[PDB]
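Participant: To start, I am sharing the structure in question, which I have written as structure tokens.
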Amino acid sequence: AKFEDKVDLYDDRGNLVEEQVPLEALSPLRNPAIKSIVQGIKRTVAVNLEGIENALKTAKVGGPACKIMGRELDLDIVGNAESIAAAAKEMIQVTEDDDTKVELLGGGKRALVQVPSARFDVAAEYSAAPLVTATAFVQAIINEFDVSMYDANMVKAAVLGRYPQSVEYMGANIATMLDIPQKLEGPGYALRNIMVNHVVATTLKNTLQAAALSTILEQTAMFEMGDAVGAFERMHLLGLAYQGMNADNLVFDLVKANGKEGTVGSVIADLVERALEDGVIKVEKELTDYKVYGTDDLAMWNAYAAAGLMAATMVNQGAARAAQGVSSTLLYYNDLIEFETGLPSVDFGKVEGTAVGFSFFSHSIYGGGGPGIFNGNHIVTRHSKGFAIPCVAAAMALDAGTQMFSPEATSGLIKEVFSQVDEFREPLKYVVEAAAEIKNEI
Amino acid sequence: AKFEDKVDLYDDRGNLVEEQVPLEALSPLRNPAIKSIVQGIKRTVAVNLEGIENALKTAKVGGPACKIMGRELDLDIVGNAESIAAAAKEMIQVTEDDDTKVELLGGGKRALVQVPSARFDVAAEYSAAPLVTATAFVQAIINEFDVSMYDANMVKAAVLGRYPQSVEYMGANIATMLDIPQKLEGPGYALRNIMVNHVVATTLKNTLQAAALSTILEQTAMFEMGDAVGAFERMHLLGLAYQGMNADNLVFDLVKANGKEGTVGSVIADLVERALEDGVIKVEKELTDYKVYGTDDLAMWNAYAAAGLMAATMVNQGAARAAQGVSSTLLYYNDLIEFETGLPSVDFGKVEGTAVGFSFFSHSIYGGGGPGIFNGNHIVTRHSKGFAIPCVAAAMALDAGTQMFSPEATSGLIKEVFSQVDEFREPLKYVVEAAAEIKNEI
Amino acid sequence: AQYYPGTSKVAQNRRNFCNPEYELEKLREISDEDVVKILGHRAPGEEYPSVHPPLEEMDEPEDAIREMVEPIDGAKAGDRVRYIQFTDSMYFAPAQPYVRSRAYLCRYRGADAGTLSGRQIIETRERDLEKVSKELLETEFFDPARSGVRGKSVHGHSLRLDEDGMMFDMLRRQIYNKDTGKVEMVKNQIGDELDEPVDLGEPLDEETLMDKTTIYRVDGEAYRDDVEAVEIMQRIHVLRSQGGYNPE
Amino acid sequence: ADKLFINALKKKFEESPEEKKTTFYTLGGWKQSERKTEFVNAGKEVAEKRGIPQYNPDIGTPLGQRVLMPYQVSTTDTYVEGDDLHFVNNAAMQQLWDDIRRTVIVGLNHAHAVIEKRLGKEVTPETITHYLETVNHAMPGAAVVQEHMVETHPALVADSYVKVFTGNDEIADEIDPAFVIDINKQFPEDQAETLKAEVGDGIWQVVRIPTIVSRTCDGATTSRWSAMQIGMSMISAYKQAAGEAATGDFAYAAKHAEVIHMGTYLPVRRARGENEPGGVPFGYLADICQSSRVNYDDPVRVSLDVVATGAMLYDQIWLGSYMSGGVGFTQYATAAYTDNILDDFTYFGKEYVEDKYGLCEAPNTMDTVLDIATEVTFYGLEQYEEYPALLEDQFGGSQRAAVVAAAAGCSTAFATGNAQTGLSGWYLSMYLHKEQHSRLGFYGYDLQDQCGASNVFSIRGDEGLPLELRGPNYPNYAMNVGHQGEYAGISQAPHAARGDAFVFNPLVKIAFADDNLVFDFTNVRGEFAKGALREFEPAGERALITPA
Ligand SMILES: C[C@@H](OP(=O)(O)O)[C@H](NC(=O)CCCCCCS)C(=O)O
Ligand SMILES: C[C@@H](OP(=O)(O)O)[C@H](NC(=O)CCCCCCS)C(=O)O
Ligand SMILES: O=S(=O)(O)CCS
Ligand SMILES: [Ca+2]
Ligand SMILES: [Ca+2]
Ligand SMILES: [Ca+2]
Ligand SMILES: [Ca+2]
Ligand SMILES: [Ca+2]
Ligand SMILES: [Ca+2]
Ligand SMILES: [K+]
Ligand SMILES: [K+]
Ligand SMILES: [K+]
């Protein structure tokens with residue numbers, strides 16, 4: 001082991017699963033469930049067969065409010081979905097009985113696709129998933145109905161949209177959690193450009209699972225970005241463990257103690273007390289009627305503070321059953337805890353900064369929107385290196401219906417397909433079990 | 001096997017190495033040497049330690065003609081390269097004795113880096129290679145010399161340039177064959193955005209190896225793009241085999257027969273005769289003193305035609321020992337062969353079209369440049385789906401020094417590092433041996 | 001090789017220009033020195049400039065393709081790559097732009113040919129260019145009224161003729177003399193004055209132009225009437241269309 | 001009757017158009033030209049004032065060894081030297097582009113749902129009218145909530161405003177008509193009913209930001225500027241907190257969820273934001289052009305007005321400046337909208353189609369393509385052969401290739417009622433032309449035409465697209481003159497023949513049916529003539545804030 005830290009791991013009911021698991025057993029670089037989740041998300045595609053069919057019969061292709069009169073094609077795609085799916089699968093697979101999946105959902109209206117891993121072994125990135133899926137379904141549809149050469153280009157437009165005139169697949173009737181590589185704010189950002197509402201929908205609004213999936217994606221991106229290399233690696237691992245994996249049951253217990261009557265401030269008080277009890281911080285000196293706390297372990301203080309931040313979001317936005325205040329929680333949890341202690345806030349001010357901008361851009365004319373449309377690649381919310389967006393996911397999971405741009409509005413296709421995958425839907429269970437499994441080889 | 005085709009494989013001296021190998025044993029999806037080459041190119045980084053040192057001592061950081069007076073730092077990086085490289089390796093690796101490499105070149109002036117494969121298993125794309133390498137070297141340099149907190153940001157600028165104010169690593173002193181994901185013309189294009197001069201430099205101007213590496217990269221991209229899925233797969237595999245792997249010794253034998261006195265036209269005549277001898281084409285009907293040829297196998301005719309195209313480039317640009325005419329060969333080989341036969345040219349007109357634009361944009365005021373600065377991602381030369389750029393690589397390999405923007409000018413850092421890797425430098429024998437290894441699994 | 005479909009004289013002339021076995025008719029004599037003057041790349045008696053060392057001195061890597069492909073003599077010597085460029089009148093010049101590029105890459109080694117509507121160019125090693133250029137200037141590739149050697153300011157292929165039957169030239173490089181019936185080249189191809197003009201001889205008469213031309217026109221032989229040539233073009237269109245859709 | 005270009009040829013030259021010989025070299029060089037003479041004198045004045053040499057006729061080669069021609073703007077009786085059709089010299093052309101660039105379409109459907117479902121307030125035609133009065137104060141750059149705001153000068157931004165439209169006739173009539181694009185008044189009956197059925201009960205804003213801002217800034221400014229002032233006007237008109245959580249829903253709706261940009265952003269090598277010409281698909285360009293709603297009994301006129309719109313925007317401004325610059329590409333474009341040449345060829349093709357098949361009644365097949373595109377190509381090329389003056393007029397092979405293939409493609413699409421077979425006809429035309437004259441265009445002209453046949457019906461990722469969805473960023477099309485505007489024409493052609501109210505986006509079609517625009521999109525060629533004559537008054541000038 002590179003790091004001596006060990007954590008106790010729990011289930012999503014707060015029961016002990018495994019004790020004294022080495023920190024690195026939770027690393028994206030070591031944990032086989034995190035690998036499975038990331039590879040799964042890279043290769044999974046949602047296909048809207050009903051959408052393709054409707055686009056063709058109306059000639060409404062190529063983006064919002066677009067239509068080409070005279071190009072209508074009336075094809076019974078949903079009625080022949082089994083045959084179309086099987087033909088597509090033959091083209092998508094590399095070999096028979098490899099890890100390709102093409103599975104119908106919604107009475108043939110939707111398909112879940114997992115493009116085989118072998119295609120990504122010899123790919124630079126992840127776009128093979130939508131591109132291989134798209135052409136396999138275009139070809140399968142053409143062959144199913146003997147669509148003429150003259151009309152086949154409409155099938156292509158119905159599946160993939162205005163691409164390549166548009167850079168994006170504008171008006172496409174397929175969807176992925178990931179977005180195109182050109183939209184990255186920086187190299188290494190792809191696992192950050194996943195809408196909060198997609199994560200929340202996929203995890204069926206289970207608060208801890210949403211927080212876990214978001215933390216997994218965010219902190220795994222921090223490795224791809226190089227941010228979790230060398231001096232910073234332990235900070236990121238501890239953040240993942242304590243903020244997103246409920247290490248030592250700290251998030252869960254803070255919520256338990258503050259859920260009935262608590263506030264952001266009462267969560268802070270309990271977290272500072274716990275950090276002192278555990279030896280993470282100590283009184284460095286006294287000013288007049290004011291204790292100045294210090295630490296010799298900034299990464300662990302940061303992780304404790306991050307756990308409290310998640311619990312504060314769960315308590316504050318959970319009490320409102322309204323997500324909007326998460327921007328406020330992310331700001332004032334951090335502002336309050338600095339002046340409570342004399343120690344730096346989560347991510348050394350970057351969560352607070354992210355929260356200032358996020359507050360502005362979710363309560364102003366200038367851009368942004370509701371909490372659910374943000375993501376780690378969004379210019380407003382990219383600044384903290386993994387410690388802010390998972391709280392937004394938790395808050396949206398707790399929202400009882402105050403949002404216009406809800407996961408039901410933005411993420412229905414993704415929900416239907418991606419929530420089928422056990423490891424996507426309940427990642428906390430799989431990552432904890434995998435950590436336990438490899439605990440003795442770290 | 002999905003396809004019944006078999007090919008004979010040769011070495012770059014025209015000697016038979018393997019007989020009747022199934023076509024799919026050469027597929028990027030199946031062939032383990034292609035996988036190794038692609039993964040290798042994804043994870044390899046060239047680090048210019050001398051360049052970092054000089055940038056620091058002059059404070060010339062952040063791009064062409066830039067300098068910050070007063071920021072100079074005089075650090076003996078090259079003199080301490082062994083220690084710095086070992087420290088960087090400790091941060092780049094995931095575990096001791098994994099497949100990480102950090103190897104010094106040029107007396108410590110350069111380093112070859114291969115970032116471990118495990119980092120890419122849990123990454124969406126390939127940018128971990130430069131980003132992990134960069135921060136490991138920044139941290140190693142700071143630690144070697146105890147660079148102060150106040151000055152360390154200059155080390156960062158010297159290594160990675162103006163990023164993130166610039167989208168690219170503008171002024172960086174590291175280099176990769178791949179370019180950033182934002183610069184892709186389309187999703188799936190990353191293996192196409194590799195400069196021809198980089199391929200030529202890496203293969204030490206060995207014509208057949210340059211053609212092979214270029215064809216491997218191009219046709220592998222065609223799989224990532226979805227172009228080689230379903231109806232089109234066999235066409236792309238046969239192109240890879242006959243145009244870039246000298247299948248059946250056809251390229252080699254056409255060059256042998258036409259090298260002493262031949263022209264583009266004489267290569268055409270020999271290729272058409274060979275296609276007729278082998279039963280790929282036949283006379284469909286007769287006009288007045290003119291035979292109209294047909295084929296029942298467009299993909300194989302295309303592949304034969306593509307082999308002749310490569311041979312024609314080698315004969316024409318080889319005779320001139322000057323690359324510029326490759327744009328003309330790519331155009332008129334295809335133009336001539338259509339009116340010679342009544343059959344469609346290579347890639348059904350798309351090589352000829354690419355050649356028209358490429359000719360224009362290598363002989364005009366409007367853009368482009370010499371043949372060596374093009375690539376499959378360039379707007380001028382993206383249109384043919386793998387059948388044009390490998391000829392450009394062959395032509396630049398044959399150039400005796402007519403170009404200002406030569407590989408010596410554009411690709412020296414890449415040459416020094418990437419030509420060290422046997423499989424990059426001499427890919428053909430590795431791909432042929434790997435085909436032999438898996439022939440009975442197809 | 002059969003080169004080109006069709007049963008018109010135009011089609012046969014296109015085949016003849018392409019066919020290296022067809023010996024081009026020599027129409028005029030132009031000395032080696034006057035070819036060099038027309039080209040305008042070096043002075044007579046000036047040793048060939050060099051863009052790189054002779055191949056023997058720049059140490060190429062071991063390579064079977066290099067061993068099998070004989071360099072042209074100007075490549076062996078490290079000559080500059082230089083050009084000659086022609087404009088051909090649509091009023092029945094014997095050669096025309098795609099005819100030239102197609103023919104050049106059948107007949108000549110080591111050639112960079114480019115086709116445009118108003119100009120057609122070949123670039124190759126300088127001493128080889130000189131030999132090619134002698135043929136391009138002395139034979140039926142060239143007529144001194146309906147073709148022009150022009151490295152810039154190429155306007156004229158589509159213009160009406162002047163009263164002498166001469167194509168327009170913004171820079172008037174080729175001058176018809178009514179008193180001799182011959183054309184004199186008074187400038188090199190880039191437009192600089194020659195101290196001693198070059199006799200290009202008599203223009204071809206109108207019937208001979210029509211006999212030799214490779215352009216189809218309604219007032220000559222029309223493309224639409226060469227139905228076998230049209231058939232092959234339409235065939236290519238259809239087969240390209242099919243292949244792009246599905247090549248299986 | 002005479003061919004339609006004969007008058008222009010007679011005006012341009014001394015000789016009759018069939019004559020094969022003329023006179024050169026004795027015309028006075030540049031001194032033959034009023035416009036070149038103006039330029040020579042202006043260059044001297046410029047150099048004297050600034051102390052640096054500038055325009056000088058003695059540099060390089062000497063213009064005017066041949067006749068420097070006037071051009072007839074097609075469908076007009078206006079003859080001008082080509083310099084007057086350069087976009088730099090033609091304020092009408094500049095304003096055409098500014099009027100597109102500064103326009104965005106923004107829904108009110110999500111916005112009204114936020115008001116009703118989240119804020120719990122009613123939306124009525126009266127609240128909409130109050131909102132529109134508010135946003136027509138705010139949009140040009142004036143305040144509605146804060147104290148001590150400083151504002152744009154109203155006279156500098158007089159061209160900026162907001163209108164709405166809806167398919168619901170009763171709602172439309174209950175909103176103050178100053179703010180409404182009246183679909184029933186602007187479109188003939190059949191087209192109006194088509195367009196209203198597409199929009200239905202939806203309500204859409206057409207927002208035009210100030211030309212002076214668009215010129216100072218870029219196209220990607222437009223939807224942002226729009227959204228800020230929509231946002232302020234929603235706050236003022238519906239009386240919510242001036243910045244609460246719901247404010248963000250209006251921002252996201254106006255900036256993303258119900259915005260229609262004129263153009264989508266471009267990839268890095270040709271990096272640009274939204275509402276730049278390269279992002280405008282051919283079907284949108286055809287729908288921006290308003291010929292369809294006034295010339296609906298003449299599909300040739302409609303199609304060729306679209307060609308004029310696109311040849312100018314795409315070749316002169318986009319390829320000739322954004323993507324290159326300098327002297328640029330005036331005459332590559334003017335070939336498609338002068339001397340009634342493309343008109344002659346296309347009316348010929350339309351009559352051939354009507355005689356042989358009937359409009360929109362031909363099989364949608366390659367056989368139809370081979371028939372029509374071949375016949376029309378041979379007609380057009382014959383005209384250059386029969387009339388040496390015509391060939392000297394359209395002196396560049398690229399010009400001729402574009403014009404002949406445009407007629408061939410449009411004619412094929414008139415017959416099939418399908419733009420894709422029209423496109424196949426365009427490429428076949430190129431191939432035939434190349435073989436007929438042993439030349440086609442400039443060095444790089446036929447990159448897309450050689451790739452063309454195979455990519456017409458392709459379905460692969462970056463190859464397959466209906467023509468209406470293609471545009472200047474379709475990979476094969478991204479570089480070269482003499483295609484893009486003509487493709488917009490081919491996109492229009494089958495829809496004009498069918499009588500369709502729009503080609504690709506009915507909201508875009510309605511959005512330019514507005515007499516408060518500066519440029520008259522119903523008569524694009526008439527406007528180009530007006531600008532050539534220096535009679536067009538653009539928006540965006542700074543005279544009010546500069547010395548007199
Ligand atoms: C956040 C982002 O907006 P979106 O969330 O993408 O709509 C972004 N705007 C801005 O950053 C607005 C900056 C100027 C106005 C606020 C100044 S404090 C933009 O339009 O690209
Ligand atoms: C090719 C490319 O140039 P580069 O090779 O990237 O310099 C591109 N120009 C163009 O496509 C020029 C198009 C306009 C001029 C030629 C019209 S035929 C551009 O600037 O992005
Ligand atoms: O001569 S080129 O074809 O390169 C440019 C035409 S503007
Ligand atoms: Ca307490
Ligand atoms: Ca063996
Ligand atoms: Ca007259
Ligand atoms: Ca001049
Ligand atoms: Ca009314
Ligand atoms: Ca009515
Ligand atoms: K512990
Ligand atoms: K020499
Ligand atoms: K009504």
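In the structure tokens, chains take the letters A, B, ... in the order shown, each chain's residues start at 1, and ligands count up from 1 in the order shown.
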Please write out the residues within 9 Å of ligand 10 as a list in words, counting only C-alpha atoms and all ligand atoms.
Facilitator: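 What falls inside 9 Å of ligand 10 is residues 4, 5, 6, 7, 8, 20, 21, 22, 23, 247 and 248 of chain A.
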Participant: Would you write out those residues with C-alpha atoms, as a PDB file, in the first residue's frame?
Facilitator:
ATOM      1  CA  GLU A   4      -1.859   3.556   5.285  1.00  0.00           C
ATOM      2  CA  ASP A   5      -5.427   4.849   5.675  1.00  0.00           C
ATOM      3  CA  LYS A   6      -8.203   2.321   6.213  1.00  0.00           C
ATOM      4  CA  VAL A   7     -11.954   2.867   6.175  1.00  0.00           C
ATOM      5  CA  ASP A   8     -14.999   0.965   7.341  1.00  0.00           C
ATOM      6  CA  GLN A  20     -10.577  -1.604   7.831  1.00  0.00           C
ATOM      7  CA  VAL A  21     -10.509  -1.602   4.051  1.00  0.00           C
ATOM      8  CA  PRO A  22      -7.365   0.050   2.637  1.00  0.00           C
ATOM      9  CA  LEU A  23      -8.079   3.390   0.998  1.00  0.00           C
ATOM     10  CA  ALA A 247     -16.785   5.828   4.601  1.00  0.00           C
ATOM     11  CA  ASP A 248     -16.953   5.209   8.370  1.00  0.00           C
TER      12      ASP A 248
END
Participant: Identify all chain B residues at most 7 Å from chain D by counting only C-alpha atoms; ligands do not count. Present them as a list in words.
Facilitator: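 That gives the following set of residues: residues 183, 185, 227, 348, 349, 350, 352, 353, 354, 356, 357, 359, 360, 366 and 383 of chain B.
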Participant: Suppose we keep N, CA, C and O atoms; can you now write the selection as a CSV table (one decimal), in the first residue's frame?
Facilitator:
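Output contents, as saved in part-v1.csv:
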chain,number,residue,atom,x,y,z
B,183,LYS,N,-10.1,18.9,-31.2
B,183,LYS,CA,-9.8,19.2,-32.5
B,183,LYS,C,-10.3,18.2,-33.6
B,183,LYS,O,-10.0,18.4,-34.8
B,185,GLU,N,-12.5,16.5,-36.2
B,185,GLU,CA,-13.5,17.0,-37.2
B,185,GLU,C,-14.9,16.3,-36.9
B,185,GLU,O,-15.9,16.9,-37.3
B,227,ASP,N,-17.7,3.3,-39.9
B,227,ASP,CA,-17.7,3.2,-41.4
B,227,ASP,C,-17.5,1.8,-41.8
B,227,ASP,O,-18.0,1.3,-42.9
B,348,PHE,N,-14.8,4.7,-54.8
B,348,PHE,CA,-16.0,5.1,-55.6
B,348,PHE,C,-16.0,6.6,-55.9
B,348,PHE,O,-17.0,7.2,-56.0
B,349,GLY,N,-14.8,7.1,-56.2
B,349,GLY,CA,-14.6,8.5,-56.5
B,349,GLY,C,-14.1,9.4,-55.4
B,349,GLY,O,-13.6,10.5,-55.6
B,350,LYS,N,-14.1,8.9,-54.2
B,350,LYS,CA,-13.7,9.7,-53.0
B,350,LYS,C,-12.2,9.9,-53.0
B,350,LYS,O,-11.7,10.9,-52.4
B,352,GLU,N,-10.3,10.2,-55.7
B,352,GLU,CA,-10.2,11.3,-56.8
B,352,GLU,C,-10.6,12.6,-56.2
B,352,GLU,O,-9.9,13.6,-56.4
B,353,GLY,N,-11.7,12.7,-55.5
B,353,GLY,CA,-12.2,13.9,-54.9
B,353,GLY,C,-11.2,14.5,-53.9
B,353,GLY,O,-10.9,15.7,-53.9
B,354,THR,N,-10.8,13.7,-53.0
B,354,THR,CA,-9.8,14.1,-52.0
B,354,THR,C,-8.6,14.6,-52.8
B,354,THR,O,-8.0,15.7,-52.4
B,356,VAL,N,-8.4,16.0,-55.7
B,356,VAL,CA,-8.6,17.3,-56.3
B,356,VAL,C,-8.4,18.4,-55.3
B,356,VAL,O,-7.7,19.4,-55.6
B,357,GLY,N,-9.0,18.3,-54.1
B,357,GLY,CA,-8.8,19.3,-53.1
B,357,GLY,C,-7.4,19.4,-52.6
B,357,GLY,O,-6.9,20.5,-52.3
B,359,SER,N,-4.6,18.5,-54.2
B,359,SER,CA,-3.9,19.2,-55.2
B,359,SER,C,-4.0,20.7,-55.0
B,359,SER,O,-3.0,21.4,-55.0
B,360,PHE,N,-5.2,21.2,-55.0
B,360,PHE,CA,-5.5,22.6,-54.8
B,360,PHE,C,-4.8,23.2,-53.6
B,360,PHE,O,-4.1,24.2,-53.7
B,366,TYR,N,-4.6,29.4,-50.6
B,366,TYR,CA,-5.7,29.4,-49.6
B,366,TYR,C,-5.6,28.7,-48.3
B,366,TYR,O,-6.4,28.9,-47.4
B,383,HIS,N,-11.8,13.0,-46.6
B,383,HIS,CA,-13.0,12.5,-47.3
B,383,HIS,C,-13.0,11.1,-47.7
B,383,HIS,O,-14.0,10.4,-47.7
Participant: Show me, as a list in words, the residues that have an atom within 12 Å of residue C:12 when counting only C-alpha atoms, minus same-chain residues fewer than 4 positions from it.
Facilitator: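 These residues fall inside the cut-off: residues 288, 289 and 290 of chain B; 2, 3, 4, 5, 6, 7, 8, 16, 17, 18, 19, 22, 99, 211, 212, 213, 214, 215, 216, 221, 226 and 229 of chain C.
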Participant: Please report as a PyMOL selection string which residues of chain C come no farther than 12 Å from chain A, using only C-alpha atoms.
Facilitator: chain C and resi 241-246
Participant: Please determine the contact residues of chain A with respect to chain B at a cut-off of 7 Å, counting only C-alpha atoms, and supply them as a PyMOL selection string.
Facilitator: chain A and resi 28-29+35+38-39+42+91+118-119+121-128+131-132+135-136+167+180-184+186-188+190-191+224-226+229-230
Participant: Could those residues be written to a file, using C-alpha atoms, as a PDB file, in the first residue's frame?
Facilitator:
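Written output follows (again-v3.pdb):
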ATOM      1  CA  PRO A  28     -10.619   4.157  -9.663  1.00  0.00           C
ATOM      2  CA  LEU A  29      -7.235   2.705 -10.650  1.00  0.00           C
ATOM      3  CA  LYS A  35     -13.733   0.008 -13.903  1.00  0.00           C
ATOM      4  CA  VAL A  38     -16.843   3.448 -16.412  1.00  0.00           C
ATOM      5  CA  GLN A  39     -16.479   0.910 -19.218  1.00  0.00           C
ATOM      6  CA  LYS A  42     -18.603   4.310 -22.293  1.00  0.00           C
ATOM      7  CA  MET A  91     -23.467  -5.887 -36.994  1.00  0.00           C
ATOM      8  CA  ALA A 118     -13.280  -5.243 -27.981  1.00  0.00           C
ATOM      9  CA  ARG A 119     -14.198  -2.280 -30.188  1.00  0.00           C
ATOM     10  CA  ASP A 121      -9.641  -1.792 -27.055  1.00  0.00           C
ATOM     11  CA  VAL A 122      -8.629  -0.477 -30.507  1.00  0.00           C
ATOM     12  CA  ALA A 123     -10.366   2.906 -30.272  1.00  0.00           C
ATOM     13  CA  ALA A 124      -8.914   6.184 -29.051  1.00  0.00           C
ATOM     14  CA  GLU A 125     -12.077   7.276 -27.235  1.00  0.00           C
ATOM     15  CA  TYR A 126     -15.763   6.429 -26.761  1.00  0.00           C
ATOM     16  CA  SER A 127     -17.630   7.652 -29.836  1.00  0.00           C
ATOM     17  CA  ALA A 128     -17.651   4.177 -31.359  1.00  0.00           C
ATOM     18  CA  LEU A 131     -21.567   5.632 -34.171  1.00  0.00           C
ATOM     19  CA  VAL A 132     -21.479   1.844 -34.425  1.00  0.00           C
ATOM     20  CA  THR A 135     -25.153   2.676 -38.452  1.00  0.00           C
ATOM     21  CA  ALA A 136     -26.146  -0.831 -37.329  1.00  0.00           C
ATOM     22  CA  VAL A 167     -21.049  19.020 -34.909  1.00  0.00           C
ATOM     23  CA  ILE A 180     -19.291  14.292 -27.921  1.00  0.00           C
ATOM     24  CA  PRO A 181     -15.530  14.811 -27.391  1.00  0.00           C
ATOM     25  CA  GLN A 182     -15.586  18.258 -28.969  1.00  0.00           C
ATOM     26  CA  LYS A 183     -17.713  19.620 -26.110  1.00  0.00           C
ATOM     27  CA  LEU A 184     -15.097  18.935 -23.420  1.00  0.00           C
ATOM     28  CA  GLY A 186     -10.529  20.510 -21.331  1.00  0.00           C
ATOM     29  CA  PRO A 187      -8.863  17.263 -22.241  1.00  0.00           C
ATOM     30  CA  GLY A 188      -9.753  14.574 -19.685  1.00  0.00           C
ATOM     31  CA  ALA A 190     -15.480  13.444 -20.672  1.00  0.00           C
ATOM     32  CA  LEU A 191     -16.721  11.696 -17.504  1.00  0.00           C
ATOM     33  CA  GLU A 224      -7.954  11.085 -16.197  1.00  0.00           C
ATOM     34  CA  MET A 225      -7.223  14.821 -15.848  1.00  0.00           C
ATOM     35  CA  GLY A 226      -4.038  14.148 -13.895  1.00  0.00           C
ATOM     36  CA  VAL A 229      -1.505  12.228  -9.444  1.00  0.00           C
ATOM     37  CA  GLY A 230       1.359  12.478  -6.995  1.00  0.00           C
TER      38      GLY A 230
END
Participant: Which residues of chain C are close to chain D, meaning at most 8 Å apart when you count only C-alpha atoms, and how do they look as a ChimeraX atom specification?
Facilitator: /C:90,96-99,114-118,153,157-163,165,168,170-171,214-219,222-224,230,233-234,237-238,240-246
Participant: Excluding residue D:407 and any residue of its chain fewer than 6 positions from it, enumerate the residues within 7 Å of it, using only C-alpha atoms, and give them as a list in words.
Facilitator: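 Result of the neighbour search: residues 342, 345, 346, 349 and 376 of chain D.
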Participant: How would you write, as a list in words, the set of residues no farther than 9 Å from ligand 9 when counting only C-alpha atoms and all ligand atoms?
Facilitator: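 Counting only C-alpha atoms and all ligand atoms, the residues within 9 Å of ligand 9 come out as residues 184, 188, 189, 190, 192 and 193 of chain D.
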Participant: Find the distance between atom CA of residue D:89 and atom CA of residue D:290 and write it in Å to one decimal.
Facilitator: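 Straight-line distance from atom CA of residue D:89 to atom CA of residue D:290 works out to 24.0 Å.
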Participant: Show me which residues line ligand 8, defined as having an atom within 9 Å of a ligand atom where only C-alpha atoms and all ligand atoms count, and present them as a PyMOL selection string.
Facilitator: chain D and resi 169-174+182-185
Participant: Using only C-alpha atoms and all ligand atoms, which protein or nucleic acid residues are at most 12 Å from ligand 11, as a VMD selection string?
Facilitator: chain C and resid 46 to 58 73 to 81 125 to 127
Participant: For the structure I just gave you, how does DSSP split stretch 28-197 of chain B - specifically, which residues are helix (DSSP H, G or I)? Reply as number ranges by chain.
Facilitator: B: 32-43, 49-58, 78-92, 106-108, 117-121, 128-145, 152-160, 181-183, 190-192, 196-197
Participant: Which residues are near residue C:196? Cut-off 10 Å, only C-alpha atoms, ignore same chain within fewer than 5 positions. Put them as a PyMOL selection string.
Facilitator: chain C and resi 34+37+185-187
Participant: Take the residues just selected and output them with N, CA and C atoms as a tab-separated table (two decimals), in the first residue's frame.
Facilitator:
chain	number	residue	atom	x	y	z
C	34	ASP	N	16.47	27.63	-76.71
C	34	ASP	CA	15.21	28.37	-76.68
C	34	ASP	C	14.16	27.75	-75.75
C	37	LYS	N	15.13	29.25	-72.47
C	37	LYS	CA	14.66	30.64	-72.47
C	37	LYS	C	13.17	30.79	-72.22
C	185	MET	N	7.73	34.26	-79.90
C	185	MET	CA	7.67	34.35	-78.45
C	185	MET	C	8.63	35.44	-78.01
C	186	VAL	N	8.08	36.53	-77.48
C	186	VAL	CA	8.89	37.71	-77.16
C	186	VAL	C	9.18	37.84	-75.66
C	187	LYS	N	8.50	37.01	-74.86
C	187	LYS	CA	8.68	36.97	-73.42
C	187	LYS	C	8.74	35.51	-73.01
